[PDB]
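In what follows, a structure is listed as structure tokens, so that the remarks can point back to it.
Number of protein chains: 4
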Amino acid sequence: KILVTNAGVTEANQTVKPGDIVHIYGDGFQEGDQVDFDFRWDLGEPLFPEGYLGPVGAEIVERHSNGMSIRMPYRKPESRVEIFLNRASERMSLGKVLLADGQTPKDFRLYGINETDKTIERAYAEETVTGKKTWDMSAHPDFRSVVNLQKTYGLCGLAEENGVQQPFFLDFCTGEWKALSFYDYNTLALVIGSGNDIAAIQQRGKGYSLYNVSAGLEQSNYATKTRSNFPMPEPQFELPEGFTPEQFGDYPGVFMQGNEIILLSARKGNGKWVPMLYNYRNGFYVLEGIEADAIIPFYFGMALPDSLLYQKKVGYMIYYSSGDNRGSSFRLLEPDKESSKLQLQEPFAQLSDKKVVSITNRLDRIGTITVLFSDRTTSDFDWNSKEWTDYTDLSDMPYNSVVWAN
Amino acid sequence: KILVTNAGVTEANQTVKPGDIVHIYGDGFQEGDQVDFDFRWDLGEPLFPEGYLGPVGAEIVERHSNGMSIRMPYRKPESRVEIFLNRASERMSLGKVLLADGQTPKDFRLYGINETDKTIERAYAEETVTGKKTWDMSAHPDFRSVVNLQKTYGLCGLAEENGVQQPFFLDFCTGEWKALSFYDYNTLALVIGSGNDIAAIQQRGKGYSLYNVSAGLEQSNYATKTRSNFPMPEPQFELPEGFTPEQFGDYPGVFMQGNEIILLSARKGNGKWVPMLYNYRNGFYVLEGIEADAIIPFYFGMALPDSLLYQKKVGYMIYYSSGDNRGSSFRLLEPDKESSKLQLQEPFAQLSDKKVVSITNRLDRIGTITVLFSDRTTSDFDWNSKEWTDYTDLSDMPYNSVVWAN
Amino acid sequence: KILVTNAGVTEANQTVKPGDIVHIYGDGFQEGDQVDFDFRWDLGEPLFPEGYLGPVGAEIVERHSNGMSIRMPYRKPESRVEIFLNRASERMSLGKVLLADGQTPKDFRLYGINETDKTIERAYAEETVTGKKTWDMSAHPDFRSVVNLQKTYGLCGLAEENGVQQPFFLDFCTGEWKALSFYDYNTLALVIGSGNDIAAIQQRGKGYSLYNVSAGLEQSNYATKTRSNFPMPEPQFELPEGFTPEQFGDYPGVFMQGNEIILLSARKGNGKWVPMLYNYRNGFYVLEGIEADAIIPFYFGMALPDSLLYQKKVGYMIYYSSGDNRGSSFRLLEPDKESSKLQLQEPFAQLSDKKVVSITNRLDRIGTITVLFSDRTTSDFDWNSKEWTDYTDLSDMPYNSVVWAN
Amino acid sequence: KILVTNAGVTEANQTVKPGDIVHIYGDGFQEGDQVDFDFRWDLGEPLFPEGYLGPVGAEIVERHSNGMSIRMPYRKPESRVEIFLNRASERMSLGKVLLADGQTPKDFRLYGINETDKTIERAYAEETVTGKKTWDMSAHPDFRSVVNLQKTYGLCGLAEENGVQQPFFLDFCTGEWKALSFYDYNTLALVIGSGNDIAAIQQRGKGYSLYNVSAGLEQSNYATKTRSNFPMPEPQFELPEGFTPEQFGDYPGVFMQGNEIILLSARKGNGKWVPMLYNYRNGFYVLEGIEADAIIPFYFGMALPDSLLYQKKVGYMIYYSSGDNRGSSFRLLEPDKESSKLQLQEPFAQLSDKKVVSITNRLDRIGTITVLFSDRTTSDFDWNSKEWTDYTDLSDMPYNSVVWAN
Ligand SMILES: [Cl-]
Ligand SMILES: [Cl-]
Ligand SMILES: [Cl-]
Ligand SMILES: [Cl-]
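Chains as they are written, first to last, in the deposited numbering: chain A, 31 to 337, 342 to 409, 414 to 444; chain A', 31 to 337, 342 to 409, 414 to 444; chain B, 31 to 337, 342 to 409, 414 to 444; chain B', 31 to 337, 342 to 409, 414 to 444. A prime marks a further copy of an entry chain.
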């Protein structure tokens, strides 16, 4: 069983770049034929064992009976790549190429959402950086609740698709969008802070369940498979009376330490906001007594995560436009020294006459948050010194949302 | 694009066992359609994040236009498994099953090769063990140079296939044989002791190169892909004058610490044996001055490996049937206190009137080897105490080769 | 500032064994002078970096103005040991010795408490083992609630000291007892199952707090410092009305997954037993509705711990001497599929006409417990197969408590 | 045996800062009494187990019979610290304090040596940084061959002490100098690139041996013990004829991958430079055929190190003031594709009319070096893109040596 005759790779034994199109030729290709890569690399000098990866499905761009076009992937080191035709069980070697390094930079960079031009813009990167500054966001202009999973070199967020809110990943390497959910279930919110996963609260049926929607990214066949369907084995829960899905998802939810309780905020019809807690075992409940002009959940990562119990302090940024608490207050959500109930603590930071519009975390730091104010200002708060520190390069900032990412 | 209509899984929402056949039905299946699994598991109590795996190709056993039979895999924990039809790009969910635990036992067990019945036999396991004792070896009755890669729950070795020696993996879960090399190149020897890989010296063309032949096992799509083609980026080397491939491979080669030099032994036409060293950068050379009646390379693992620099002492067991050194001597190969050259050290252990016929390592111990003698006896040597300790259960042992494995 | 003159080590440049006495001589020693070790080792062949340890305080056995006797420690590899005189700030090298390997065997072994002879006995070890079988327990004949912290090569438990129950470590290497608590506070119980620590509930003042009492063992100056004082920063709690300290501590408590809730059992005056839960944030509460003839908490470790979130299923073994539930029932404690409250589940294993008197865990296995019955029988239950498997070597067993240890 | 009466800590139960003096009082203190700390911390919310450390020797600043002054250490998180009096065996608790966070920032920062003012200056740190900019270098104004061990928050280098070159650590937290060698042996050079250790070539006796001189820093009692004495168990080697110690140490040596061969450069009397290799098993040898106007060894770290086999490409920067190779050439030292001998490769980067005066590595990047030129310019070379990238903030730079550090 020879799969194809007079076959090969046009670019055989040449050096090719991540993102390039490689061409395969031959007689006898069939509908459903797939293409696999095997990678071999040496990071420094060659030693046994080397670095190995395979089989990794190749993205097929064009397809005919006389050949096919495939795309070379990013995110591998410089590699000897062997290209195989895969017909069900069988594999046949077509040829080899040398693939130039496609590893993504690991330094954290700040990105802003430009709603005027509908673009993601790189707002800050540390010195000796100038790759490519802007990404077109016009395929999903409503991109919302934007967050980063460390090392993915792209952004996760919510956007309208088939009449509901769904999670997408924007890949910085290609500028392409990848759906993260298998089914078309409406998504209340993304949830960050677990440690090394992005979760989402989605409508599994009559009610809402907690899903892992980043598992397709943290996995070696990402290129050909990104949609996940991983709900928790817990019951579904309805929203409390009065509340509707459109009231959620403007800001990411946050896992409390232990990852059992999730902090959300909901926007009421009259423009006021309430804190809302979610327990995947018990459901939704409103944290009573607070109705403010803006509420954003946050967390401080008190140690570096490992890609295990991720240690953190979480809370709500609470903003009032007027009165005795005019401005933005940052208050931790912690259990009472008396007993079980979760109570909002007195503020550890308060900024009168300033409105917080975005919060995000640089994960190569510990115990800090990065905040975007308007009167625009970008500033870090360090938990251990209890002091703010402004970014002096970043006063223009024509953005309502910014996000740290690598 | 709905792939198939009136489709599903016969065993949908039921509990199935690893090794079972699951049936898929529907109208519109096509040649080349594949099937993918996504796994979700909770080892203890459920917490976010859970355990996830996917896509993992399913082995397809039977195939028609109205449906297909697939085999459920071993080596995953108890999992919710979602089954997808994969037609090139597209995926469609067919159904879900609960897959019972398929994790393999991690305790080290001793296995012997029975050349009379052509079977692998479990010779020793520690208390409270009685699973399944024997495996049929008749598909490859010449199975040779048998070794284990820790945690694979099976045995690697050499056997004749298409007129040459090639590496195979015998899977203990199924009793099935998997080819480890993609091409049909003759294999001089398997090489163990790197830390977490099995290598092989194979004829890449005019000469011999060093390959990694276990990479297909240490990889999540093992079930549908096991053959590797991973030579080192080093030149090919011919054997020294006089020597031929049939003289090698009776015993596994051993990596010295640093994994640059490999110890081999070769059998001459007259029944004598010589030590032979191999450097993947420089080629083959005979360690001069020794011609004995049996030579087996060995290593001591002086720390537990991590699945990084694996620390060890290596050498040759040298056996003479008569004379002043009658019996089996164990001598380390180390560099001279004077300069570079590798010299055989004086023995650290010597057994007169006993012939060593197999050596193997239990990797949950440190600094020991396990040895099989004939006058049969099985005994451990502990480097730190310099003492032998016999296994009292294991005097019968109708085997010439035994191997520790998990 | 030369500390001492005409000084040295009697055994300078010689090979010495762990446990040996080494002698130091010189003029000018002072009260309070200490002795430090620096260790250098090569596990396999020498490479940079080597293995290093230092300063490690030496145990001083005898002391005079003309010299001192020190004990060489166990638990290091074969090492070049440099011996330093330490006078406050200053250090002076006295000499060097070669210390033979003192690493303790890592294979799990079963030990029984012999109350007749007041001895710890090795009841089981796997083949090729015969070191030293018995340890004298007469210094603490009431040694109770015996458990192992993996890799410590000794046993932790409770014994009477200064009129109260306190934690001790019996070191297998020396047969010597080490106190684990700094203060003389009464100990209700040891608590196991956290992952890599032994906790204890102790009377910090008016009430009880949770302590870590193994931290002194998991620390490189263990030889000279073992007593810890590490309470949690949580309030103290009294026992519920009626209960008294003498009712606790016969069996180790067990951490539920997440390490927030602890399972205990308490013996009433009339010989009946009740389950008692402890929350370090909220205090003690009786798990109502159960009054049995014996109750022992247990856990299954569902993955190997790392020395992170340790995954497990925990519960109570509940024994009744008569009636519809005659015998020993094993029931998990889990939260209801309905809501928050912790409920005892229906049994996953039940043994009529057999009384469980000890439960313990072999941590190189996953998902098993080891149980000791009387009609004596020793048997493993495997969570994944739901089957018992008896140890056929272990029917005599003149013990009420057995413990797995390495 | 009560050690001291009417004793306590002046600052008992108060919050104190790293670097502060804490006072201990009482009657009956003795010469040689030491003081130990035990630390307990919770990074996020409290959970069992917490973070623990102890015993950690306290630095004693003042000492009398009625009390003592101790310094509170840096580099721990915010901790409950219990303070113990240590008299030989015995310990007594004196009191407790709350120690504010002393963790050092982990972001890499660039530091320059100012030979005019004799100061270490912080030349670059990324945004939102302004701690303390300058450190006084006047205690060792000849500080030379300056390097960083990651996470130490200070600088290692060579300086004159007792008539010879010796390694010192300058601690950024305190500005204090710590000796790294126990004995007063002349040091040819520091050697970097092993992965997580700083080595040094030092005169052990008649000849030179390889030492680990950073082990005292990577160790929890660093505060009271920094001097190491850890030579390799290899013979001593003399320098080749003609060469003298004053010709070495201007630049750090570099370990080749595998850490067996070390690259050095030596300055001749006439101002010319030669490459010199060192093998700890075989000794020194000149890499013949090269005599240049400046030579600096370097390495590229091709992966992040783990604090295992550190992968890297190493070589020599070779500078000529005139001729066909005017300027600075960067050439790897690799083994020939033909055989064993180490040959200088053709340059991978060449800068005509620019002189390299310092090279250093930012270890949160991979595959880069940072270089300081004069015509001053600071620039990164990225191995994977083969492109330079200048730091635009750093043109003034009144330094001959700069170093990346955290
Ligand atoms: Cl056994
Ligand atoms: Cl009572
Ligand atoms: Cl910057
Ligand atoms: Cl000269």
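Each residue gets a CB set at the ideal place from its N, CA and C atoms; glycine is no exception.
C-beta contact flag for residue i and residue j at 8 angstroms
i	j	result
A/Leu185	A/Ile150	yes
B'/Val440	B'/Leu140	yes
B'/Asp227	B/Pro436	no
A'/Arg117	A/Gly87	no
B'/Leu293	B'/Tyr354	no
A'/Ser337	A'/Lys181	yes
B'/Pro263	B/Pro76	yes
A/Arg257	A/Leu210	yes
A/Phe114	A/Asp66	yes
A/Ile326	A/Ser295	yes
B/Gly225	B/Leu124	no
Neighbouring residues, chain A, relative to residue i (Cβ below 7 angstroms)
i	result
residue 340 of chain B	There are no atomic positions for residue 340 of chain B here, as chain B continues from 337 directly to 342.
A'/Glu112	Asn259
Partners in chain B' for residue i, counting only beta-carbon separations shorter than 7 angstroms
i	result
A'/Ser373	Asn312
Within chain A', partners of residue i - CB distance below 7 angstroms
i	result
B'/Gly288	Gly288
A/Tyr82	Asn242, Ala245 and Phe260
B/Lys346	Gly74
A/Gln60	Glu61 and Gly62
B/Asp418	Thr158
B/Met332	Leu73 and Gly74
Contacts that residue i makes with chain B (C-beta to C-beta distance below 8 angstroms)
i	result
A/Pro369	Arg311
Residue i: contacting residues in chain B (beta-carbon distance under 7 angstroms)
i	result
B'/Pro265	Here the premise fails: no neighbours, minimum Cβ distance about 12 angstroms.
DSSP beta-bridge partners of residue i
i	result
A/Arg139	A/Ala443
B'/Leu294	B'/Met306
A'/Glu425	A'/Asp420
A'/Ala322	A'/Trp303
B'/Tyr241	B'/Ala230 and B'/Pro261
Chain A contact residues for residue i, given Cβ-Cβ distances below 8 angstroms
i	result
B'/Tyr315	Going along chain A, no residue has its Cβ under 8 angstroms from B'/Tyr315, so there is no contact; the nearest lies around 20 angstroms.
Closer than 9 angstroms at the beta carbon, the chain B residues around residue i
i	result
B'/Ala229	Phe78 and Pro79
Interface residues of chain B' facing residue i [CB-CB closer than 8 angstroms]
i	result
B/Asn251	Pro85
Test item, CB below 6 angstroms from any non-hydrogen atom of ligand 1: A'/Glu156, A'/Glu157, B/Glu156 and B/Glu157
Beta carbon shell of ligand 4 at less than 5 angstroms from a heavy atom: Those satisfying the condition are, in chain order, B'/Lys298 and B'/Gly299.
Entirely enclosed alpha helix (DSSP H) segments - the stretch 353-388 of chain A', minimum 4 residues: none
Runs of beta strand (DSSP E) lying entirely within the stretch 150-231 of chain A', each at least 3 residues, in chain order: 164-166, 174-177, 184-191, 194-201, 207-209 and 217-222
Beta strand (DSSP E) runs wholly inside the stretch 54-136 of chain A', at least 3 long, in chain order: 64-71, 81-87, 89-93, 97-101, 109-117 and 120-129
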